[PDB]
Each structure stands twice: as structure tokens, then as C-alpha cells.
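Read through the structure below, which is laid out as C-alpha cells, and then see the notes.
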Amino acid sequence: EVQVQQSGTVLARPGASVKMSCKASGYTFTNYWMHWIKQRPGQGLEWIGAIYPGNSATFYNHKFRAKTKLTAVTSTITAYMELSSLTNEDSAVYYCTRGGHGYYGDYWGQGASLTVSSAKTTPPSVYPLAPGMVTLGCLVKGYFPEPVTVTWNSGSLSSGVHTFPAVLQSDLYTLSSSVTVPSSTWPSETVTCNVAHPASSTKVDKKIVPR
Amino acid sequence: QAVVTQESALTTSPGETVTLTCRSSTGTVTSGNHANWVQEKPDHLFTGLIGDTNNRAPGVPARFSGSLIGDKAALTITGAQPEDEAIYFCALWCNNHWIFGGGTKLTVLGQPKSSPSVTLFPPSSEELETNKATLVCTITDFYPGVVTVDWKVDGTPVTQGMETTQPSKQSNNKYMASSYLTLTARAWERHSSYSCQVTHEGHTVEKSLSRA
Ligand SMILES: C[C@@H]1O[C@@H](O)[C@H](O)[C@H](O)[C@H]1O[C@H]1O[C@H](CO)[C@@H](O)[C@H](O[C@H]2O[C@H](C)[C@H](O)C[C@H]2O)[C@@H]1O[C@H]1O[C@H](CO)[C@H](O)[C@H](O)[C@H]1O
């Protein structure tokens, strides 16, 4: 039907430049505007600008004019946004949306994540979280980049698991996961979290031991 | 430039009508501001809902309508469905910029409210060995999904060193969030009581531990 396909995840260093792109499907590219939206972690949404491929009219947010170049190739039905002189404040999910008269985005692309960081690939330090039903946890601390996958007892413990979203602390991520099991069950039944960090082929298992 | 203001959170039950408003710091919203409403559902799923003050976007249910009520733009959902639980943003075309409001979290009560299960974990030995100490507070199974988390070290409010995640939807449609207090092992040793206080629907839950 209408589809707005976006490019994937970008990892960039401070000072660099990136080019992100959006392909149209299901409509006449030339008759509509392509707008770009920035969504910060929690800083709401900000409109970056818009381009009309039919005549390449562009509109820009004043705040972003100095570092953004918006373009479109009609032959390829693709719009591009180039961002320059990146700083960690440009880390956000960017969306391209389809617009027209009186509106900027009836159909939305899926979002392309950009992280700007000078950090290096760092493996997680995994720590067991014992109390001393009972809730056990694993702290997965200090890894870069995303993601890590956490399982409990090699996937056999799937009920009662909560894995929380990562926070950035200093310039590395920290994440935790918990599992709740019947009291009787622990310690007789061994509970282990298994943490994989693909970028550094880190795989580590941590058995939870009562304190 | 101009500031666009929306309610921060509204709650309704299935089948009721609820109205969300969007206003500008220049006084009135007009037709020339082309008020837009979009919906944000989990995992960055956005849907256009209303464009140009009152046009439903393609395939939006007729229970969604946009109007200007007085000097404000407003979105009304007549007969709210459990699936309308989402964040709603309005934006206004002003000075050739689309300017966004901060969004309204709408809870549409499709199940009973549930209080948070809070769990506070102490630092592990292995981490204290690195000269760091991180306390972990997990908050799960709360519904509505809006909570505030406060940390106290020997009764004093903590203002630096804690991190809290935004509430994520559990698969059972309740919500979960975690908070971290990070200190050096040195500092952790100068204090005895540690508290994670979570307020949800005007009630506080406190989990406290003592270094010792
Ligand atoms: C598509 C059109 O192409 C040329 O004619 C010229 O470059 C125009 O600037 C350009 O777009 C303006 O005109 C059309 C008229 O139908 C509007 O639909 C456009 O507005 C839509 O897209 C922008 C980016 C916003 O999302 C708001 C949408 O309505 C756009 O309008 C803007 O420019 C004209 C200039 O004549 C006028 O000032 C409008 O008030 C302004 O919104």
C-alpha cells in the first residue's frame, strides 16, 4: 500500500557526517512532501525540515539549517538527509513522514536510530542480584554498543522475566533483567542469566547465589 | 519561538468521550496553523490521525475528530477503545516551522489498575570490589503506566547519580520501569539506609535497605 522505507541504524563519531535515506512506495513521490522528524530519548519531537521532490522546494528549521542538507532523487524515489558536525545531542531516532497541504506526516517511516559516541566496543560486566516468590536479577553494566540479549537458564526460564531498557551512564549502557520464581524453588533450582553481546562476541553466564 | 502546550496525561474508560486540547503562546490557534494530531504506540509506531485541523488521515476510525474549540485545537475520541491507549502529539504550522506540543499520554482503562511491585537490590560483592556500587530498583506490574521514583540516602533526597527508564509496556499490558543509584564503594560505606520510593496514583511504596 503506501510504504515509506528508511535506512538502518547508524553509529557515528563526534564531528562526522551521515546520510540517511527514505524510499517512497504506493504514491506519486512528486506530488507530496517528505518531512524529517527527530525524536530524542525524552525531549519530545522536533521538525527538522521538508522537501518537495516535484520542484525541490525545501523548508528548514532554523535550529537545524546550519547542519542539515535535504535532497531527493526522483528517478530513485528516494529522499536524503545529510547531517554534519555531529555531537552527542544528535543521537535520536529520525523519521521521514509523508506530507501535503496542511499536514506533515499521514504515513510514517519506521525510524532510523543514530547514536553519536566516541566510546569503543566494550563488553558488559555482569553482576548477580540476589535478595540474599523471590525476585532475582542480573545487572548488565558498561557495554557499548547496543544490544545485549539476556536469557534465563538458556531460555528455559521464560515466565516471569522482565528485561528493562538500557540507560546510558557515562558513555556506556547499563541494563537489568529480573525473573520471579516460587520461593521453594530457590536455591535448589539453579538460576543462571546468560548474557550475549554480539559486537564483542561476549557470552557470559552468571549463576545467582544466595547472600 | 512559540510554545505549544498539551495536557500531560488523561485517563478514560472504554466507551467514554475524551477531549485533548493543544494551545499556542501567541493566543489563538487558527485554521492557518493547520493543527495536526499523530499517535505514538510502543516500539516507535506512529500514525497520522488528523491533518489541517479536522481531516482524518487515511484509514483512521471515525471516532477520531479534530476541531478548533474556541482558541485551541482539540482532538475528541467519541467512544474510546482500549487500543487508543497511546501518546498523542499535536503540532502547529507557525512561522514556517511545525512546532510540536509535548504529547498527552492517554490511558484508556482496558483492565483494572494495578499497583507497582518494587524491588530494591543491594550492590553485589563483585561490583563493590571494583570500587563502585549500583542500587537497582525494579518497578513492575503497575497500571496506569505513569509513576514517579525518588531515592533517599539516610533520609536526604538524592539529586545526582540516579537514572530511571521511561515506563515500558509488559506483554500483559501493564508497565515496568527500573531505576539505578550509582555511588562509589567509598560513598556507599558512609551511609546506612537507602530508599527507593515509587508514587503511583497518589500512593507511595517505599523499599529501603541498610548497608549492614
Ligand atoms: C508545493 C509548493 O511549491 C511551490 O509552489 C512553492 O515552493 C511553495 O512554497 C510550495 O508549498 C507551499 O504551498 C502549498 C500550496 O498548496 C502548501 O500546501 C505548502 O504547505 C504544505 O507544506 C509545508 C512544508 C507545510 O507542511 C505546510 C503544508 O500546508 C506550502 O505552503 C507554504 O508556502 C506558501 C508560499 O506560497 C504559503 O506561505 C503557505 O502559507 C505556507 O504554508
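Could you name every one of the strands (runs of 3 or more DSSP E) located completely within the range B:34-94 that has at least 2 residues being in contact with a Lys or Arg (Cβ under 6 Å, 6 or more places away or on another chain)?
B:72-78, B:86-94
Please find, among A:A16, A:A50, A:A66, A:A79, the residue that is farther than 28 Å from B:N55 by Cα and in contact with a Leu (Cβ under 8 Å, 6 or more places away or on another chain).
A:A16
So that you can scan it fast, the table gives a plain yes or no per residue for (1) surrounded by fewer than 15 Cβ atoms within 10 Å (Cβ to Cβ); (2) basic (K, R); (3) in the same structural domain as B:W93 (by CATH):
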| residue | (1), (2), (3) |
| --- | --- |
| B:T19 | no, no, yes |
| B:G32 | yes, no, yes |
| B:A35 | no, no, yes |
| B:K41 | yes, yes, yes |
| B:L49 | no, no, yes |
| B:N54 | no, no, yes |
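When only residues in the range A:82-101 that are within 15 Å of the ligand (Cβ to nearest atom) and under 23 Å from the mean Cα position of the chain (by Cα) count, which is surrounded by the most Cβ atoms within 10 Å (Cβ to Cβ)?
Once the filter is applied, the top-ranked residue is A:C96.
Listed here are the residues, each with its yes/no results for (1) more than 21 Å from A:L114 (Cα to Cα); (2) assigned by CATH to the domain that holds A:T97; (3) in contact with a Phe, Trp or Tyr (Cβ under 6 Å, 6 or more places away or on another chain).
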residue: A:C22; (1), (2), (3): no, yes, no
residue: A:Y27; (1), (2), (3): yes, yes, no
residue: A:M34; (1), (2), (3): no, yes, no
residue: A:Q39; (1), (2), (3): no, yes, no
residue: A:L45; (1), (2), (3): no, yes, yes
residue: A:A50; (1), (2), (3): no, yes, yes
residue: A:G54; (1), (2), (3): yes, yes, no
residue: A:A57; (1), (2), (3): yes, yes, no
residue: A:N61; (1), (2), (3): no, yes, yes
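Could you give every pair whose Cβ atoms fall below 9 Å, whose first residue belongs to the range B:115-137 and is more than 20 Å from A:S125 (Cα to Cα), and whose second residue is in a loop (DSSP other than H, G, I, E, B), counting only separations of at least 6 or pairs across chains?
Final answer for the pair search is B:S115/B:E201; B:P116/B:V147; B:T119/A:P131.
Counting only residues that are loosely packed, with under 15 Cβ neighbours inside 10 Å and of a type in the set (A, V, I, L, M, F, W, C), which one in the range A:52-69 is farthest from the ligand (Cβ to nearest atom)?
A:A66
Quick one: which of A:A112, A:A79, A:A72 is away from the ligand (no atom under 16 Å from the Cβ) and surrounded by 15 or more Cβ atoms within 10 Å (Cβ to Cβ)?
Of the residues listed, the single one that is away from the ligand (no atom under 16 Å from the Cβ) and surrounded by 15 or more Cβ atoms within 10 Å (Cβ to Cβ) is A:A112.
The values are calculated or read from the model by the stated rules, or taken from the named source; no laboratory read-out is quoted. Every residue, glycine among them, receives a Cβ derived from its backbone with ideal geometry; neighbour counts consider all protein chains shown.
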